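For reference, the structure discussed in these notes is given below.
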Amino acid sequence: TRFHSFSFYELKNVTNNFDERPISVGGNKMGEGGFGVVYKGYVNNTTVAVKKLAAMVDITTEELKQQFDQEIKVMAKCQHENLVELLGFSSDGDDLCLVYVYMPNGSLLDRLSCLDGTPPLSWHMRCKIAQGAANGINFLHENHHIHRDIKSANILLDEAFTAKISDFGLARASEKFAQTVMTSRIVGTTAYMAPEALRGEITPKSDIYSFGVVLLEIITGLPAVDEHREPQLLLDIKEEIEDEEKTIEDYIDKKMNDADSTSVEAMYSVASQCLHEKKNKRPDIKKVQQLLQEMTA
Ligand SMILES: CC(C)(O)c1cc2nn([C@H]3CC[C@H](CO)CC3)cc2cc1NC(=O)c1cccc(C(F)(F)F)n1
Ligand SMILES: [Cl-]
């Protein structure tokens with residue numbers, strides 16, 4: 001209730017038949033992941049994002065349908081300025097679509113890579129984005145949800161670079177947040193996942209680890225995994241710095257002119273604490289929030 005039920009044919013119309021050319025070149029395609037492709041549309045003068053779900057990795061039709069249903073359930077329960085907003089969906093015929101308010105600055109991942117020639121994010125803007133993302137995760141944890149896929153591709157940016165958490169298809173309710181459960185279907189993005197999540201545990205503490213990797217992407221402007229890089233995994237720079245083979249200053253994004261040592265070391269210190277290999281030693285999201293607020297004094 002509150003979401004609009006669209007026919008598939010209407011969404012076909014407003015995306016120019018899911019036009020696959022990039023938006024940068026006059027098409028409708030904005031991005032994609034393991035569970036679908038996101039297209040730009042216009043519905044009744046409103047710019048929208050339309051995610052058409054697909055098995056882009058190996059996933060059953062039934063699992064896809066459960067992710068669709070979970071997205072709608074979380075978005076029905078959770079409204080917050082640091083979460084994306086669902087307008088509607090379509091489930092008639094074979095295809096599943098979710099329709100959202102459009103995010104004019106795309107994904108934090110794309111902005112950190114300056115995809116399509118966008119200017120590099122200032123350190124000032126990076127600090128505000130880290131704070132907003134932590135406020136969104138805090139709202140989810142306060143509402144007894146575990147996200148399970150926190151990463152820079154799932155943190156979107158509006159016209160004022162307000163951070164919005166997206167993609168609740170893998171989210172799980174936690175019984176009063178305290179109690180860890182096991183699953184036999186291990187999901188998430190390997191380069192972001194806590195060790196316990198890679199073993200099948202489900203706990204909000206795994207969201208904190210993944211957020212640590214996002215903070216390193218913000219500091220460095222490097223992707224979480226790059227097969228043509230040493231180290232391949234960004235989280236391994238933590239070990240390089242701990243074993244004084246390197247310093248955070250060796251990894252700071254060069255595409256900024258406003259990064260002071262003090263606030264960069266403060267953000268690195270939050271990231272380092274989030275990336276504790278032992279889940280019980282990680283700060284909770286409320287502490288992460290406080291540390292990121294103290295960082296900008
Ligand atoms: C798909 C992707 C990566 O997220 C996305 C990429 C974009 N690129 N741009 C360009 C950025 C560069 C600028 C040049 O100045 C012009 C526009 C706008 C975008 C908008 C996007 N997403 C959404 O609007 C959106 C909203 C809610 C829920 C979701 C969902 F869950 F489906 F991912 N997506
Ligand atoms: Cl996985």
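Don't worry about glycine lacking a Cβ; one is built from the backbone with ideal geometry, like all the others, and counts go over all protein chains shown. FYI, it's all coordinate maths here, none of it is from the lab.
Quick look at the values:
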read-out	value
Sorted by Cβ density within 10 Å, fewest first, the residues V181, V264, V14, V101	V181, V101, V14, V264
Sorted by Cβ density within 10 Å, fewest first, the residues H228, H124	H228, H124
Cα gyration tensor category, rounded, prolate or oblate, for region 201-297 with a/c compared to 1.5	oblate
Exposure proxy ranking, count of Cβ atoms within 10 Å, fewest first, for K205, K278, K128, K77	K278, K77, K128, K205
Computed [θ] at 222 nm, helices only, for the chain once each DSSP H run of length n ≥ 4 contributes -39500 (n - 2.57)	-10500 deg cm²/dmol
Inverse of mean 1/r across different Cα pairs in the chain, Kirkwood, Å	19.8 Å
Normalised contact order of the chain, rounded percent, pairs of Cα under 8 Å and 6 or more residues apart	15 percent
Region 19-148 shape via C-alpha gyration tensor axes, a/c threshold 1.5	oblate
Hits among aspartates and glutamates - C-alpha to C-alpha of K279 under 14 Å, sequence gap 8 or more where chains match	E196, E201, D207
Candidates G27, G136, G106, ranked by Gaussian network fluctuation over the chain, Cα under 10 Å, top entry	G27
Subset of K176/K287; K65/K128; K52/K176; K176/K281; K52/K286 violating a 25 Å alpha-carbon distance limit	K65/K128; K52/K176; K52/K286
For region 204-215, Karplus couplings with θ = phi - 60° (6.51, -1.76, 1.60), whole Hz, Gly/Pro x	x, 5, 5, 4, 5, 4, 4, 5, x, 5, 4, 4
Loop-resident sites, region 39-135, for GluC sites (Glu not before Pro), counting at most 16 other Cβ within 10 Å (DSSP)	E81, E85
Loop-located GluC sites (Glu not before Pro) in region 95-199 whose Cβ has at most 16 other Cβ within 10 Å (DSSP)	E159, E175
